[PDB]
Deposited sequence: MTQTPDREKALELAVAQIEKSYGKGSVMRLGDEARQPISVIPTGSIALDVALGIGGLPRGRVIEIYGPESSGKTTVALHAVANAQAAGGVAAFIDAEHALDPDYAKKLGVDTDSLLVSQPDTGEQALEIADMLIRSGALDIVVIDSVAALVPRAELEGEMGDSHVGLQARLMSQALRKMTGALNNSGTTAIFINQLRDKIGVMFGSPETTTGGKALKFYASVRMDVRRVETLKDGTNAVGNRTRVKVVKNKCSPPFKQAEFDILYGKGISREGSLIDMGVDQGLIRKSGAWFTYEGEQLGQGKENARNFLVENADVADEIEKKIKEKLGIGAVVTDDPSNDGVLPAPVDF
């Protein structure tokens, strides 16, 4: 007790001097904010502690080419919009499939999109939009492609990382005031700065291909929250990304349903509330999309349990 008070004291000071979430026990509960941006997977939302991505903060989603990181970012955009928010996409990759985006739920027609000339222009344009205070979310695709005017014009050579540092300093201010979430997408082969400014960092991988007899359906995706200033870090989540359709909300609800024991098994059968969802995972998955009311109740109960 003599020790516990001096430690609590120490933490309180640390917290007051450097920010809430500057230290925490990994077992601690998450302090729930007013609103967050759901990710598209409840499993990830849970892994994230606060039921989704935080507002007013920088976020980094990284992984190899074709890992699903864009898909996660696109789902963030869809939810933000679905709650009546405005969204922006700073595109230096020129890779966006809007039909795909549309099928996830993105209102593409009303999605702001910029295809910048340079790295600095991209980040300036980003800041300018953020300072409006009219945006809920902005996605920057991508870090690697934020090439500096000088490099794009002719001719020292370490300045791209310096451009990101400078830009993030400014942006972080604007983001905090505005309540806008910035997502940076990033490859593996200016991340040195982003790594520290980011309140959340998500490591995304493809784990394995999905079945459909002899032809596939998609990829089981794994995400580790390697950095989280809003809740205990180092948590991970797994969910399914189905080609042309995105994250299986339904499949994620089942997985977490059984994880929490709200959903039970009678062998291959999935029980809920004493009634059967389906035999095998895909019928359960299909049953939930055809029956939205019960899918929302499963989600309802999952959040009630975890306080998400």
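J.: May I ask you to mark the stretches of the deposited sequence that the structure leaves without C-alpha coordinates?
T.: Absent from the structure are positions 1 to 4, 160 to 163, 198 to 211, 331 to 350.
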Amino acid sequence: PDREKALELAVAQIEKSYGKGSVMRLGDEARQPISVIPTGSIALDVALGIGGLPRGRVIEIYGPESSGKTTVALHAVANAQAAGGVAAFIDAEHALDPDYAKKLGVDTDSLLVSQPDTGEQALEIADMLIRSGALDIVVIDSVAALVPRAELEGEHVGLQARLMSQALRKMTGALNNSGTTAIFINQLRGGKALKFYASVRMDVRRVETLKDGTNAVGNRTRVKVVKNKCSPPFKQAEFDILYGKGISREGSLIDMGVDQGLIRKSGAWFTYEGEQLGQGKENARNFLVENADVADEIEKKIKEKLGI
From here on, numbers count along this sequence of modelled residues.
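Rigid core here is just the name for the largest C-alpha set that superposes within 1.5 Å across the two forms.
J.: After a core fit, does 266 to 274 or 40 to 48 show the bigger CA gap to the shown form in 9 other deposited structures of this protein?
T.: This comes out as 266 to 274, the stretch further from the shown form in 9 other deposited structures of this protein.
J.: Following superposition on the rigid core, is the mean squared CA displacement, expressed as RMS, greater for 202 to 210 or for 156 to 164 in 9 other deposited structures of this protein?
T.: After the core superposition, the stretch with higher RMS deviation in 9 other deposited structures of this protein is 156 to 164.
J.: When the other entries of this protein are compared, is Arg189 unmodelled in at least a third of them?
T.: Other entries vs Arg189: at least a third skip it.
J.: 166 to 174 versus 114 to 122: which one carries the higher mean Cα B factor per the record?
T.: Taking the mean B-factor of the alpha carbons in each, 166 to 174 is higher.
J.: Looking only at CA atoms, which has the higher mean B factor in the entry: 192 to 200 or 207 to 215?
T.: Between 207 to 215 and 192 to 200, it is 207 to 215 that shows the higher mean C-alpha B-factor.
J.: Quiz for you: based on the deposited Cα B-factor, which of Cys230, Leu129, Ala182, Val157 is highest?
T.: Across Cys230, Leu129, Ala182, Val157, the entry lists the biggest C-alpha B-factor for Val157.
J.: Out of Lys281, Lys69, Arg249, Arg57, which shows the largest CA B-factor listed in the entry?
T.: Highest C-alpha B-factor among the listed residues goes to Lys281.
J.: Would the CA B-factor of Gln187 place it in the lowest, middle or highest third of its chain?
T.: Highest third, going by the recorded CA B-factors of the chain.
J.: Is the Cα B-factor recorded for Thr39 in the lowest, middle or highest third of its chain?
T.: Its C-alpha B-factor belongs to the lowest third of this chain's values.
J.: Going by what the PDB entry lists, where does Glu65 fall on CA B-factor within its chain: lowest, middle or highest third?
T.: It falls in the middle third of the chain.
J.: How does the C-alpha B factor of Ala268 compare with the rest of the chain: lowest, middle or highest third?
T.: Highest third - that is where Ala268 ends up once the chain's C-alpha B-factors are sorted.
J.: Is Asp45 in the lowest, middle or highest third of its chain when residues are ranked by C-alpha B-factor?
T.: Its C-alpha B-factor, which the entry lists for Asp45, ranks in the lowest third among residues of this chain.
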